[PDB]
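*Asks:* This is the structure I have questions about; it appears just below.
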Amino acid sequence: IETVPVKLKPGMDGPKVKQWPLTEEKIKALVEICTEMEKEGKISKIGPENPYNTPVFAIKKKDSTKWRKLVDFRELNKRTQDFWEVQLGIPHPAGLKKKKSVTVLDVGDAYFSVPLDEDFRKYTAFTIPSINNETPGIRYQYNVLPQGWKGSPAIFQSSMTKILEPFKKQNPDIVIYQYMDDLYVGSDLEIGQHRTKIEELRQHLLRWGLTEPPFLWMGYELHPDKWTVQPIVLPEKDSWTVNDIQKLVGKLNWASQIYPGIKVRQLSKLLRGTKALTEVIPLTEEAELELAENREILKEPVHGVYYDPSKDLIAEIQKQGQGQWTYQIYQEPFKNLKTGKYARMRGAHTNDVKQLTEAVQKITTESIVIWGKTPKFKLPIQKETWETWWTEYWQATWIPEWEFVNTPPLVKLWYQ
Amino acid sequence: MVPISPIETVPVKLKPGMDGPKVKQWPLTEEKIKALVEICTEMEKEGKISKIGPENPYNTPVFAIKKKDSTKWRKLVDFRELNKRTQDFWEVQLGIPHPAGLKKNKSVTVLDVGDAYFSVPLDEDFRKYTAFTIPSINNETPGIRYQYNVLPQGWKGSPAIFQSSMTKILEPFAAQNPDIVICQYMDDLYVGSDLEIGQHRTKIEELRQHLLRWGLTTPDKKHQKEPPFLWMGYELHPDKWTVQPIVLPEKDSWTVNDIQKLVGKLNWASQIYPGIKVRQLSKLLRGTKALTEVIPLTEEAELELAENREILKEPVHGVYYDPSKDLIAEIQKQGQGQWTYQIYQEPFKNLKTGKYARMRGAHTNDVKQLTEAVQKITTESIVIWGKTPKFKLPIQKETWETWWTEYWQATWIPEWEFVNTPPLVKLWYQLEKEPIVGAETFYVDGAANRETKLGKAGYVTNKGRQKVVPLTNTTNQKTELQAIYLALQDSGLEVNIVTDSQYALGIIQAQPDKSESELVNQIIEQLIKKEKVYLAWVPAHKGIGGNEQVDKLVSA
Ligand SMILES: Cc1cc(/C=C/C#N)cc(C)c1Nc1nc(Nc2ccc3scnc3c2)c2nc[nH]c2n1
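One line per chain: the protein sequences are B and A, in this order. Residues 5 to 215, 224 to 428 in the entry's author numbering are what the first sequence spells out, letter by letter. Each residue of the second sequence is one higher than the last, beginning at -1 in the entry's author numbering.
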């Protein structure tokens, strides 16, 4: 019933972000949604004495037909102070990424039962725009904890460790993690009474909430245990052409920036001479051997590869063609903490951007599980194409950071 | 008394930590002082201002201006200082509507609200900051002191707070009358509907009624206005709209400022006048920042301008949005990285039009530009109609397919169809995916001496063909390109080229079809002529024979 004190970081003013164009359907949805929210005290209309703004839009969640409101608290979140006035941090559950089944729940709706500090409210201002700026924009602000705000899981955390006390103690093998509006629930059992343990975990948020929820019935089904990392592999051929060997050497020269003992002397030595690209070169013993030693090296791990929560996670993505994408997460160049590949992107076979968008979401979900933070992406797409379309495909309640890549990497090959 | 609802007041604060204004009142001639005392007396009677004590220590200067060809003076208070110290507001005017997005209105009425404006009170605790002093005759007396009770003309928050207060009042009327549209412009309200004009003046009378509830009268002795309506630079009519008349001046002397005002009008007009070109006119603007500089017009600039005047020789109109029918956008290539578009619903009845300029780069291609254009149009259409128009585009379905399927970046355009109106956009060349069998293999390389600027470029092949050419005033990057150019120049219709240049690869993997480096253009020109070209990269200085052979050959 009583609010938690909140302020911004010193020297920083509140967010003033432009609202970007919305389609008619997303406007209608948002208006209806906000009409009910205001009618329940979750938000209230505000005046011109409020210079602040945060963008807003609408999405349809995964396998659902209901519009969800999604605020883009990315700016407010940077400018919202960090949260250490009871806890000093949640020592990320390193066991979550080792479960047969981790399910992801939308518990965001629980947030709206807790009020927001009256002095902080002005900072959550948002505008539902109008088509053509005809009518003026409807301006609301938040009276409660908002879905998507960094503060909501932190403030509500006091109350959440509660609701879980039963089920937790009555199921000590389950790992439970919370990141924004998402609750990540990792069992070790069988998918069917997964859909029992998950089923009975829903209860409490009903059970507690009585003293209907919109997307509480939803469940995302992960498997960090069948999560496929990647090694680097060289081809195994009976016949090598000069091209085959030139590419091989190219790749190896590149792995050497990562792995130490990589040698290309003997292999280049076959490429001594001005030969035709398609000509077959037989391998010398000296070369077959050097290739084999290099293979042994690529099998082992990288050396001195550590995560450092003090730092940024960076995600690169390359488009490989035919629905396949490859990606790498790292903090230091050539020190991959994870690599991966994605090979048949759902309902998007003719749409590059839909694929890329779903890709960014999968990689983010994975990054939340492994490190409890999102990465900053390096997308292979012009800023303007991406900025135009990603909202149409976005199905997650959070949003990562991203920058753009306008120069074609050679690296694309080496990961194909 | 007919009780009237108060206009709710908006709490206004000064900027954080800052204080109000304390500015020296300017000395005034006796004439101006007498003038001001009258003006303020009447205003005080109207409740707009109130006399304050000598406590209030804030001051904004006040002035007197004699309206030209009127013996009358007018009062001018200089809030510039107080504006600097008043907070930020959520301003609404940021987006002006675009005519093409409106729906036709049979009847459109115009109401005056220069009197409603002063029905908007200024927040109680902020009034003190609006203090000013009319000096006394001979400074022989304390200057009279006044403070504001209403939003002052020329204050930071007046428009934001005035606009919002009106909307707040109008909201229930607008919402229970969904067959009416209302707009705010200067001291005036404009209301249209699409009803027979009897049913319409009814609803105006209903509105005049509703406004009275807040004690607002909107003069029924209304305005001489008739179509068209001059508004934000346009010409609004009941059924159509165009830009407020565009007239291109004749000159025998064009200056940086002259041409500047000429593109502005051309840009502004390019939103309804189809096929309008800029470029060679904004080319003459490149860099030169002297507003008076008499730049000479190229023979491209004169022909482009004479293509303009011909398009502006007669007026054209845009229609209004008919939500029931589809929205179509059509694009055309104009050369020099110029694109031009029309958005329409039925053939030849444009709603608006426009042009897109290629992005400042060093290498580019038609497919990329079309895409960027498509996206610009897409966002524009979301802003104006709330939907994406269907595209008609001068690019074969097959071309686009090959492009996006092989491009290294992700890319997309919304629903679209091919429109066969030249010049069609095409892919000019396509690199092989595998090496070519029977095609000669050219190992190339280039190097320059960073100080002398001398370097060499050349190749060697499986067939014993060789070349090394020497070069002055060149760089490593130029010599690596030049080398590739030699190989293309001296080979047959099919060729395999091996280079160690990451730089060069990076340029050709971007698949440009035009460049600012004439050297890249020559290469493109060569590529276009070939039947098959496989470009292969190998790392330098790793003694890959072939490569090493020509590296030792060009670092001599
Ligand atoms: C009613 C209105 C009047 C004006 C006129 C400004 C002046 N002077 C400008 C605007 C932007 C509007 N707003 C408006 N206008 C619409 N149509 C319209 C159609 C024809 C004319 S002629 C003069 N004004 C108009 C207005 C409209 N259709 C759906 N929503 C709409 N909103």
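The beta-carbon is built from N, C-alpha and C at its ideal position, and this holds for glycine as well.
So is the beta-carbon of residue 596 of chain A under 8 Å away from any non-hydrogen atom of ligand 1?
*Replies:* Residue coverage of chain A in this structure runs from -1 to 554, which leaves residue 596 of chain A outside it and unanswerable.
*Asks:* Where are the alpha helix (DSSP H) runs, 4 residues long or more, that stay fully inside the segment 264 to 348 of chain A, in chain order?
*Replies:* 278 to 281 and 297 to 309
*Asks:* What's the gap between the Cα of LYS11 of chain B and the Cα of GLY152 of chain A?
*Replies:* So the two alpha carbons sit approximately 34 Å from each other.
*Asks:* For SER48 of chain B, which option in B:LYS101, B:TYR144 and B:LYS350 has the closest C-alpha, if you only look at C-alpha atoms?
*Replies:* B:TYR144
*Asks:* Threshold first: 3 residues or longer. Then list the beta strand (DSSP E) segments lying entirely within the segment 227 to 257 of chain B, N to C.
*Replies:* 232 to 234
*Asks:* Check whether the Cβ of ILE326 of chain A lies closer than 9 Å to any Cβ atom in chain B.
*Replies:* no
*Asks:* Could you give the DSSP three-state label for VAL148 of chain A: helix, strand or coil?
*Replies:* strand
*Asks:* Would you list, in sequence order, the uninterrupted alpha helix (DSSP H) runs of no fewer than 4 residues that lie entirely inside the segment 300 to 375 of chain B?
*Replies:* Correct list: empty.
*Asks:* Does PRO157 of chain A come out as helix, strand or coil in the three-state DSSP assignment?
*Replies:* Of the three classes helix, strand and coil, the one that applies to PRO157 of chain A here is helix, per DSSP.
*Asks:* Taking 9 Å as the threshold (C-beta atoms), are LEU100 of chain A and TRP239 of chain A in contact?
*Replies:* yes
*Asks:* For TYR115 of chain B and chain A, any beta-carbon pair shorter than 9 Å?
*Replies:* No, no contact with chain A.
*Asks:* Tell me which same chain residues have a C-beta within less than 6 Å of the C-beta of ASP186 of chain B, skipping the five on either side of it?
*Replies:* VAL108
*Asks:* Is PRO225 of chain B near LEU210 of chain B, with beta carbons less than 9 Å apart?
*Replies:* yes
*Asks:* Starting from the beta carbon of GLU53 of chain A, find every residue of chain B whose beta carbon is closer than 9 Å, and list them in chain order.
*Replies:* Residues of chain B passing the Cβ test: none, with the nearest at roughly 26 Å.
*Asks:* Going by DSSP, what residues sit across from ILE94 of chain A in a beta bridge?
*Replies:* Partner(s): none; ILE94 of chain A has no beta bridge.
*Asks:* Strictly under 9 Å for the Cβ-Cβ distance: is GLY316 of chain A near chain B by that measure?
*Replies:* No, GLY316 of chain A does not count as interfacial toward chain B.
*Asks:* For the beta strand (DSSP E) containing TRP71 of chain B, list its first residue and its last residue.
*Replies:* 71 to 75
*Asks:* Kindly indicate which residue of B:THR39, B:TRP406 and B:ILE380 has the alpha-carbon position closest to the one of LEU234 of chain B.
*Replies:* B:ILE380
*Asks:* Using a Cβ-Cβ distance under 9 Å, would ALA62 of chain B count as near chain A?
*Replies:* no
*Asks:* Determine whether the beta carbon atoms of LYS263 of chain B and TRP426 of chain B lie at a separation below 9 Å.
*Replies:* Between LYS263 of chain B and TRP426 of chain B, the C-beta spacing is below 9 Å.
*Asks:* Secondary structure at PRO9 of chain A, three-state DSSP: helix, strand or coil?
*Replies:* coil
*Asks:* So, do the segment 120 to 136 of chain A and the segment 146 to 161 of chain A have three or more beta carbon pairs nearer to each other than 8 Å?
*Replies:* yes
*Asks:* Specify, as a first and last residue, the run of the beta strand (DSSP E) that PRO468 of chain A falls within.
*Replies:* 464 to 469
*Asks:* Following the continuous beta strand (DSSP E) through residue 618 of chain A, name the residue where it begins and the one where it ends.
*Replies:* The structure shown does not extend to residue 618 of chain A, since chain A spans only -1 to 554, so no value can be given for it.
*Asks:* If we define contact as Cβ-Cβ less than 9 Å, is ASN136 of chain B a contact residue for chain A?
*Replies:* yes
*Asks:* Using DSSP bridges, identify the partner residues of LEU479 of chain A.
*Replies:* According to DSSP, which records beta bridges pairwise, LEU479 of chain A is partnered with nothing at all.
*Asks:* Please tell me whether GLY45 of chain B and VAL148 of chain B are closer than 9 Å, where the distance is taken between their beta carbons.
*Replies:* A contact, by the Cβ cut-off of 9 Å.
*Asks:* Could you check whether the segment 403 to 422 of chain B touches the segment 65 to 76 of chain B, counting it as contact only if at least three pairs of C-beta atoms, one from each stretch, sit closer than 8 Å?
*Replies:* yes
*Asks:* Strictly below 9 Å CB to CB, what residues from chain B border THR253 of chain A?
*Replies:* The contacting residues do not exist; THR253 of chain A stays about 34 Å from chain B at best.
*Asks:* For a test of the three-state rule: what should DSSP assign to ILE178 of chain A, helix, strand or coil?
*Replies:* strand
*Asks:* I need the boundaries of the alpha helix (DSSP H) containing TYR427 of chain A, first residue and last residue.
*Replies:* It is not in any alpha helix (DSSP H) - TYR427 of chain A carries neither H nor E in the DSSP assignment.
*Asks:* Contact defined as beta carbons within less than 8 Å: I believe residue 615 of chain A pairs with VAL442 of chain A. What is the distance between those atoms, to the nearest angstrom?
*Replies:* With chain A running from -1 to 554 in the structure shown, residue 615 of chain A is simply not present.
*Asks:* Taking DSSP's pairing of strands, which residues face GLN182 of chain B in a bridge?
*Replies:* B:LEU187
*Asks:* Buried or exposed for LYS259 of chain B, going by 16 or more other Cβ atoms inside 10 Å?
*Replies:* buried
*Asks:* Can you look up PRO4 of chain A in the DSSP assignment and give me helix, strand or coil?
*Replies:* coil
*Asks:* In whole angstroms, what separates the C-alpha of residue 557 of chain A from that of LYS281 of chain A?
*Replies:* No information on residue 557 of chain A is available, as it lies outside the stretch -1 to 554 that chain A covers here.
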